[PDB]
Structure formats: C-alpha cells, structure tokens
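First, one chain by itself in structure tokens, the form deposited in one PDB entry.
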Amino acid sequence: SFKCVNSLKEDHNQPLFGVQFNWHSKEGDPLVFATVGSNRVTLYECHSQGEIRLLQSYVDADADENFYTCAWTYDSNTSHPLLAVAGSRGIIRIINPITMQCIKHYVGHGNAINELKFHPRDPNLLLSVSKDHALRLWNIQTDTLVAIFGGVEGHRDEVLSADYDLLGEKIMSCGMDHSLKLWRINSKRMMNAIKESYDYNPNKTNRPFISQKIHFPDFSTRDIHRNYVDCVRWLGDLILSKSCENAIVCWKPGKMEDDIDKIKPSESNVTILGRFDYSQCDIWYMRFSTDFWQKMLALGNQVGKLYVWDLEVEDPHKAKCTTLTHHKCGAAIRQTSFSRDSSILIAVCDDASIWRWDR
C-alpha cells in the first residue's frame, strides 16, 4: 500500500518524459533512478524518510536536444551499469552513470527516437524505435547495427513503443498508424545476424558490418485501438497495450486457443481478454510500467492521478485497481518506475516534478 513520501521539481521546468530505476544496481547499493527531460538526464538516489538525493546530470552540448527515453543495462565484461538515452536528435548516447561521461553514441535513425529497450537475456542488444517509422537493433559491445525493422509492410507512421517478450525471441511494436506489429528475432536469419554482430571487429577485417533489412512483420493488427498506440508490454504470451483512449487492452493474436508461436503473418484475428479503463489520459506519449516480476502495472494520467493494477489474479480481466492521488500533484504524469524490489514507485511529470511513493 503506497504512500507519497516526497516530491521535487527540476530547474528546467520542461516535461520529464521518462523515468527508470536501475534494476542492475549492486547488492547493498542504494536504489537509483534516472529521469530524462529537456536536454538532460539526471540520476537520483533513494534514501530513508523519503529523501531523493540528487547526484549528477549529463547535459547535451546541443541546447535543442530533447531526451525522451532512457534504459539501463550493464557492461557485459565489467558488470558496471550503463545508461542509454535518446530523444529528438535521434542519437543514442551510452552514459557512464558513475561519472556521467558519454562513452559513445550511435547515429542512424531518420529522426527522433521515441523508445529504447534492452534485450532481457543479452545486455548488449539495444532496440530503438523511431519517428522515422522503423525499429533498429544495435549490438553495443561491437558497436554494430544488427537489423532495421521497416519497409512498406512495417509501420507507416512514427513508432512510439516496443517490447521484447520474456526470452527476447520476439518484439511487439506499436505507433501512430494505430497498429501493433510482431517481429520474431529468433528466426535462423536473425540468430545468425546476432552471432555475426559478435564476430565483427572493424580492425580485423575490410568489410563493413551488414545490417538485416526486415521488411515484413510476423503479425500485424489495427483492431485493438482506434488512435495512436503509445505503449506496449508483453504479459507472458499476451499483450498489454494502450492508446490515448483511456484504456489498457489485454489481447492476443489469433483465436483464444491459438499458440503465439503458431501464428502466421496472415493472421486476421485477435482475442480480447480484458480492458482496464481509467480517466483523463487523452494526450499521447503516456506510458505505463510494470514491476520486475510483472505482479503490478502502474499508469499516470494527464492531471496527476496514479492507477495501479494488481495482476496477481487468475485471468487478466480480474485485475484489481488501486488509485494514488496527492493534492499538489496536478501535472500530467508521463511515466512511472518501480524499484526492482517493488518498495518504491516514482512518477515524473510535465512540470518537471518527481513524485515518490513508498509501499
């Protein structure tokens, strides 16, 4: 049961578009989260009595940059956490969270990057989704572009969100074209591509690294929402997605009995397993999050109200909703983040405020 223990506001007064706890923080280290907004990323540490201790920021050299998204990983050789950030410039920056140095950056996307996600099993595999209608899969060990998910049969407008399934065998993406698309990355072609990305060392060869051009999703639907689809999450073999229509829909491709790995690209059907309604979230780019174990789901709305669903029930439609309000929290909440142990929930807002809720 959450209580609001603290809040603060960042000095830039611009929206905080993203927040992420570091789920790779070491045993006995305090809980750390990153916020992104304006042209900066800031790290904070959670301490007792609701204390949110300010650490250090990375500020982009370009005053016109606007960071939208961040995602945590770790260096696969040293174990040290890394933070990937991206936004309107379409440049991915890999940040050393200790010093806030930009270690390296990746350019490619035709435009703004709307989301970053790391593979659940491989800390080096970074997925970016873009205003340019495409997804890109990067290997941040060998600094290679593994594949581009695009084409006529891919998204036809900005991609706003994507999520890897549990094992990182497939991705579901969504965007402004109202569609949700499945891209399997466990095909013979994609698995070989990933392996080749690891064998690539530009200093030991003459060849450039060749990226896969993936031009056909393994499933596609526009039958779930009737506006911009701005957030998607796997829930096992089921999907959770939302638009700006005041609902999270729980659904699956095919008919009720259809196995996700038996779904063919021509699949015409979807099955709706439930829908979580809420209020006043008519603006787009408003993201829900889940805890580490996927026992709960949190979403903020456009007037600063938090919705939390308990998913620890037998069927999706039986989820139990709880609400969290504070009389001074009135700005739009863009994203939430649970600490890994689920003891803390952070919400960040359009007025640069940060809200801490302790369980």
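Residues carry their position along the shown sequence, with the first being 1.
Mean C-alpha B-factor is higher over 25-33 than over the other stretch, the pair under comparison being 25-33 and 64-72. Stretches 150-158 and 264-272 differ in mean CA B factor, with 264-272 having the higher one. Per the deposited coordinates, the residue with the largest Cα temperature factor out of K204, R184, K117, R136 is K204.
Per the PDB record, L167 has a higher Cα B-factor than any other of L167, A193, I140, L82. When all modelled residues of the chain are sorted by CA temperature factor, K295 is found within the middle third. Sort the chain's modelled residues by C-alpha temperature factor and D163 lands in the lowest third, per the entry. Sort the modelled residues of the chain by CA B factor and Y200 lands in the highest third. The PDB entry assigns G110 a C-alpha temperature factor belonging to the highest third of its chain's modelled residues. Annotation for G254: C-alpha temperature factor in the highest third relative to the rest of the modelled chain, per the entry.
Only in words, not in the display: the form deposited with a partner chain bound, which the text now covers.
Contact check for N192: no non-hydrogen atom falls within 4.5 Å of the partner chain in the entry with it bound. At a distance threshold of 4.5 angstroms between non-hydrogen atoms, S337 is out of contact with the partner chain in the entry with it bound. Contact check for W72: a heavy atom falls within 4.5 Å of the partner chain in the entry with it bound. Among heavy atoms of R121, some come within 4.5 Å of the partner chain in the entry with it bound.
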